[PDB]
Each structure stands twice: as structure tokens, then as C-alpha cells.
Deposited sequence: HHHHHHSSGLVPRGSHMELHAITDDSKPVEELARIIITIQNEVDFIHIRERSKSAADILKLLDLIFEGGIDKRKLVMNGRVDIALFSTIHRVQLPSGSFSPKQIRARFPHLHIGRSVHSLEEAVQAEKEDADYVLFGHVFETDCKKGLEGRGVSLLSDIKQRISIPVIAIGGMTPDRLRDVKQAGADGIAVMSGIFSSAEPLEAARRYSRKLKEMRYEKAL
């Protein structure tokens, strides 16, 4: 089960860069989701972590396909209602494409549009999160990453539901000790393995 860290769009680039560098070894991927920052600031953020030695292979750009292309980041997370995977793949075949879905229907269609995996959730949807998680895993063949209120105590349920991984935002980035927070998650996942 993969562990995806999602940036929280609330810290200055310098502070966020340090946290990213600090937690990189406890997670599988880090999604850059600074929706309130300009491309200029996000490029500054990238430059800081690139110079900080981050492994670009773990980076995933949420929404800004342009920033991803000009930053040599080959992974993008497409929000619901934005670019279709098909049009993206037509121009940029090399990109690994994730789609953020919020229903069984959207998940299936995402698979049809050639997405590589879906980020499904805000599991914790009218309380249908965990059940839908199972329903999606049974209907599609691409990976399903669960997001939304993921805590160590809820991982077992998510795992039983068939989730191929979990995504965590505030659980890590709002913690007084981001590294220790990321570790509670990784420890819990390794345990259940």
C-alpha cells in the first residue's frame, strides 16, 4: 500500500520545502497542490527542493500540467472537471496520469479515458466513501488511492476495502512533527503488510 503526501497550500515556500525534504523517505509520492500560489512561487518551491536533493521521481504535480512539463516532473494529478486524461496523453504520452474522482461513475470513466490511477475520495460522498472504495476496486483495474481524513486508526478499514494506497494532507503537514506523523502512517501500513 502506497503512501502519498499532499501539500497543504498554506505555508511559505521556504517552510514547505523543508518539510518536503524532511519527509521524503517516509512516503512514496508527494503531490504539489499549492492551488493558491502563482506558478512563479511554485517554481521557486520546486527549485528549493530540487537544490535540496529531492528525488523528482516521487513528485506529482496537481493541476498545473504546464509546471510539470517545464519542471521535468512526469506525474500529474488531474482534478475533477479539468483536463481529460485522453487529451493529455495524446500530446504527452510519457506522463503518468492520476484522476481525482468522487463517484463510482467518474472512476469508471476515468479508466476509460486512459488514466493510470484514480485518487478517490474524501472518504472520511454522503458517508459512502469506504463502501464506494470497495465498489470502485471491483469495477476498475487501475490503482485506487484513498484520500480524505486518513488517520492511522482508519487504515485497516481502507485496506480491507481494497485501496491500493492512501493520500494524506493535514495528517502530515499540519503536524507539529511532520516526520513523526508520516512515520505513524508508514509504520501502520508496514504493520498491516
What ranges of the deposited sequence are left out of this structure?
1 to 16, 141 to 147, 217 to 221
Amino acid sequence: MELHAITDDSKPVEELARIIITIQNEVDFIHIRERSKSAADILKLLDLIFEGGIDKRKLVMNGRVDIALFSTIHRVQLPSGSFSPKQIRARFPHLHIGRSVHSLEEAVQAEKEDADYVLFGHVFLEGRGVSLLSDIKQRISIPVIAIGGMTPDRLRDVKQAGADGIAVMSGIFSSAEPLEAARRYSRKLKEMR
From here on, numbers count along this sequence of modelled residues.
Check the entry's C-alpha temperature factors for 50 to 58 and 63 to 71, then say which stretch has the higher mean.
50 to 58
Per the record, averaged over C-alpha atoms, which has the higher B-factor: 165 to 173 or 179 to 187?
179 to 187
Could you tell me which one of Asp157, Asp41, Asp28, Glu34 shows the highest CA temperature factor in the PDB record?
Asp157
Per the entry's values, where does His102 land by CA temperature factor relative to the rest of its chain, in the lowest, middle or highest third?
middle
What third of its chain's C-alpha B-factors does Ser84 belong to: lowest, middle or highest?
highest
The third of the chain into which the C-alpha temperature factor of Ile145 falls is the lowest
Relative C-alpha B-factor of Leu45, binned into the chain's lowest, middle or highest third:
lowest
